[PDB]
Structure formats: structure tokens, C-alpha cells
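Here's the structure we're looking at; comments come further down.
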Amino acid sequence: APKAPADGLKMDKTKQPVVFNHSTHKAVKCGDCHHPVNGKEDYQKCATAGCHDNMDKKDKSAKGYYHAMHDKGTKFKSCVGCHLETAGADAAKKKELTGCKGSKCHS
Ligand code: HEC
Ligand code: HEC
Ligand code: HEC
Ligand code: HEC
């Protein structure tokens, strides 16, 4: 079993670093974020050294940080994709979950 790291993970793969708090995701499906890859859910940083570390902020495939992070119809529930949905028409949750310059993901 993977040992989730302490909350406060800082995602600085890009110019806009975001802190991920597993605590706010411990109730999520560890397989929904680290979906089953290579036959096993890669329980490692989303932008692993060759996973979502694409700084093109345009790769709309399964190998671009931005995409999986701002896209919704992704192989799995993405960051903003699970956010726009975890908000349930909640301008308050939509500004915190999907809010880019005024949410929790982009303090
Ligand atoms: C952090 C916990 C992660 C999140 C959030 C996501 N991933 Fe990944 N990821 C990887 C591959 C090879 C794919 C595609 C799998 C396939 O269909 O063969 C994906 C895909 C996504 C997507 C959607 C991509 C798309 O729609 O094109 C999202 C939104 C996504 N992942 C979120 C590989 C990896 C990986 C390799 C080591 C890791 C650690 C992660 N993904 C982590 C996350
Ligand atoms: C990409 C791997 C992720 C990052 C970076 C963040 N999330 Fe999420 N997230 C989810 C829920 C259910 C919540 C709480 C909703 C609520 O109670 O209002 C959150 C919250 C956050 C926050 C702020 C929360 C806080 O400050 O306490 C940040 C900064 C954040 N998330 C970043 C759910 C999901 C989810 C569903 C599977 C996914 C894939 C992600 N979050 C991904 C990321
Ligand atoms: C999405 C809501 C997630 C769930 C559910 C889980 N993890 Fe996660 N994890 C997520 C992100 C955004 C990142 C990287 C953020 C960054 O700062 O780059 C990670 C990272 C990890 C790591 C660190 C990478 C490493 O050193 O291997 C570990 C250790 C990890 N995640 C473990 C883990 C476990 C055990 C989970 C289930 C309890 C789990 N994560 C769920 C996003 C999400
Ligand atoms: C939290 C679920 C997010 C929301 C809502 C938005 N973005 Fe985001 N963005 C998120 C993460 C985890 C990251 C990477 C953190 C890091 O710095 O490593 C980003 C990054 C960006 C970037 C950086 C692009 C790059 O330099 O490669 C941009 C340009 C960006 N985000 C834009 C953006 C927009 C337009 C959004 C509103 C829909 C938005 N983000 C929301 C997480 C989240």
C-alpha cells in the first residue's frame, strides 16, 4: 500500500506552483488521481519525470500537466475536472475548485 505524503504538496512543475493537500483528497479515489498506469496506479507526483511534466500548457493528451489539470473529460477526474464537478453548481466551490486566479488551487 502506498503511503500518501503529508498534505501541503507544492506542485511547482510550472510557473504557477500549487500546493496539493492529500488531506482534502484522502476521501477521493487514490486510483482516480493516480489511476492504474503501467498495470499499477503510479502513486507519484502527477507530473512525474515524464508523466504530466509537459510545460507546453497545450498538450491536450495524457502527457501534459495543464490538460489533465484543467481538462474534465480526461481518462480520469482531473484536478480542475474533479473541481468543476466537486463544486456542483456552487459559485463558491467553482471559484475555489475551478477558480484559476481566485480559488484554492491558485492562491
Ligand atoms: C495526479 C495524481 C494525476 C492526475 C490528477 C492525473 N494523472 Fe495521469 N495519466 C497518465 C497516462 C499515461 C494517462 C493516459 C492513460 C491512458 O489512457 O493510456 C494519463 C491521463 C490522465 C488524464 C487525462 C489525459 C487525457 O485526457 O488525455 C488526467 C486528467 C490525469 N492523467 C490525471 C500517466 C500518469 C502518471 C505516470 C507516472 C502519473 C503519476 C499520473 N498520470 C498522475 C496523475
Ligand atoms: C490536482 C492533482 C489537484 C490539485 C492541485 C488540487 N486538487 Fe482538489 N479537491 C477535491 C475536493 C473534494 C476538495 C474539497 C472541496 C470542498 O470541501 O470544498 C478539493 C480541494 C482542493 C483544494 C483546496 C481545499 C482546501 O483548501 O482545503 C486545493 C488547493 C486542491 N483541491 C487542489 C477533489 C479533487 C479531485 C477529485 C478526484 C481531484 C482529482 C482533485 N481534487 C485534484 C486536485
Ligand atoms: C488527487 C485528488 C490525488 C489523490 C486522490 C491522491 N494523490 Fe497523491 N498526489 C497528487 C498530486 C497532485 C501529487 C503531486 C503534487 C506535486 O506537488 O507534484 C501527488 C503526489 C503524491 C506523492 C508524492 C510523489 C512521490 O514522492 O512519490 C505521493 C507519495 C502520493 N501522491 C501518494 C498518494 C497516495 C498513497 C494516495 C492514496 C491514499 C494518493 N496519493 C492519492 C494527487 C492525489
Ligand atoms: C486547481 C484544481 C486548478 C484550477 C482551478 C486551475 N488550475 Fe491552473 N494549475 C493547476 C496546477 C496544479 C498547476 C501546476 C502547478 C505548478 O506550478 O506546478 C497549474 C498551473 C497553471 C499554469 C502554469 C502553466 C505552465 O507554466 O506550464 C497556468 C498557465 C494555469 N494553471 C492556468 C489556469 C487557468 C487558465 C485556469 C482557470 C480555468 C486554471 N489554471 C485553474 C491547478 C489548477
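FYI, residue positions are counted from 1 along the chain as it appears here.
This entry, so its header tells us, was determined using solution NMR.
Including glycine, each Cβ sits where the backbone N, Cα and C put it.
Feature annotation from Swiss-Prot assigns heme c 1 binding site to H22, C30, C33, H34. According to DSSP, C33 (heme c 1 binding site) sits within a helical segment. Shown in sequence order, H25, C46, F76, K77 are the residues of the chain, 6+ apart in sequence, with a C-beta less than 8 angstroms from the C-beta of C33 (heme c 1 binding site).
Feature annotation from Swiss-Prot assigns heme c 3 binding site to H25, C79, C82, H83. Cβ neighbours within 10 Å of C82 (heme c 3 binding site), excluding its own Cβ and spanning all shown chains: 20. Secondary structure from DSSP puts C82 (heme c 3 binding site) in a helix.
Sequence annotations record features per position, and here Swiss-Prot assigns heme c 2 binding site to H35, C46, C51, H52. A sphere of 10 angstroms centred on the C-beta of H35 (heme c 2 binding site) encloses 16 other C-beta atoms.
Swiss-Prot lists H70, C100, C105, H106 with the feature heme c 4 binding site. Reduced to three states, the DSSP call for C105 (heme c 4 binding site) is coil. The number of other CB atoms found within 10 A of the CB of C105 (heme c 4 binding site), across every protein chain shown, is 19.
With the fewest other C-beta atoms within 10 Å around its C-beta, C100 stands out among the binding-site residues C30, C79, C100.
Only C79, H83, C100, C105, of the binding-site residues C30, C79, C82, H83, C100, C105, place a Cβ under 6 Å from an atom of ligand 4. In the vicinity of ligand 1, defined as a Cβ distance under 6 Å, the following of the binding-site residues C46, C51, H83, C100, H106 are placed: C46, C51. Here the candidates are the binding-site residues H70, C79, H106, and by Cα distance the one nearest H35 (heme c 2 binding site) turns out to be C79. Under DSSP, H22 (heme c 1 binding site) is assigned to a helix (H, G or I) in the three-state scheme.
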